[PDB]
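In the entry's author numbering, the protein residues as written are 42 to 71, 112 to 294, 296 to 304. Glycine is no exception: its CB is placed at the ideal position from the N, C-alpha and C atoms.
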Ligand SMILES: Nc1ncnc2c1ncn2[C@@H]1O[C@H](COP(=O)(O)O)[C@@H](OP(=O)(O)O)[C@H]1O
């Protein structure tokens with residue numbers, strides 16, 4: 042894969058803000114390549130050319146829950162069975178895409194050597210103006226207040242949810258059935274609290290602490 046110096050790359054672990062951020066980057070730019118690869122598997126061409134990369138990470142509890150429901154509604158994805166069973170496989174990194182942990186850490190470290198803007202799903206929810214302003218400084222692109230507010234409006238969850246071009250409702254019920262769980266489900270940090278039992282959560286915090294020791299921190303609420 043021969044990369045071009047101007048190509049802009051969107052990199053996420055699944056269920057972390059791909060669709061959302063693709064839309065932000067889409068509008069700002071008016112070549113955008115997206116990938117779910119872990120840093121160690123990016124083609125070397127992309128580093129040598131010094132492509133700008135936007136990475137989006139999401140707190141792993143919401144990511145896990147989002148990934149569960151998505152499994153429920155996608156035909157091409159394995160049966161998740163239970164949130165309990167799913168948790169075990171998510172924490173093990175025995176899910177499509179592999180380990181969230183390795184993903185987010187590897188990209189976190191990669192930003193010491195490489196032109197990467199590393200953003201947080203939760204920071205984008207809390208203050209899209211602030212996050213989108215970093216993107217603009219990163220792309221050395223300059224945009225009117227009028228258009229910046231337009232982007233914030235256009236890429237808000239409520240608006241994207243009604244947008245056929247982005248909500249994945251232009252796919253047959255038999256590949257994604259939205260009656261089970263919409264692809265645009267809740268879009269809310271802290272939603273995981275409605276699904277983790279207190280005991281599931283204490284178990285998580287004990288595995289997470291071990292598996293992270296990463297100056298990477300997350301918000302699990304806003
Ligand atoms: N415009 C938006 N704002 C906030 N969250 C969004 C969004 N568009 C999609 N999402 C959320 O991002 C997740 C999908 O991520 P990806 O595009 O990488 O698969 C889903 O999470 P939830 O299932 O937790 O709501 C989806 O609702």
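Item	Value
Check: residue 56 C-beta below 7 Å from any heavy atom of ligand 1	yes
Pairwise C-alpha distance: residue 255 and residue 265	17 Å
Whole-angstrom distance between residue 182 and residue 135, CA atom to CA atom	18 Å
Between the CA atoms of residue 284 and residue 290 - distance to the nearest angstrom	10 Å
Where residue 140 falls, given that 16 or more other Cβ within 10 Å makes a residue buried	buried
Outcome for residue 280 when other beta-carbon atoms lying within 10 angstroms are tallied against a minimum of 16	exposed
Limits of the unbroken beta strand (DSSP E) element including residue 138	133 to 138
Nearest candidate by alpha-carbon position, reference residue 274, set 112, 294, 260 and 302	302
Which of helix, strand or coil DSSP assigns to residue 145	helix
Selected residue, minimal CA-CA separation from residue 164, among 152, 158, 174 and 132	152
Any non-hydrogen atom of ligand 1 closer than 7 Å to residue 206 Cβ	yes
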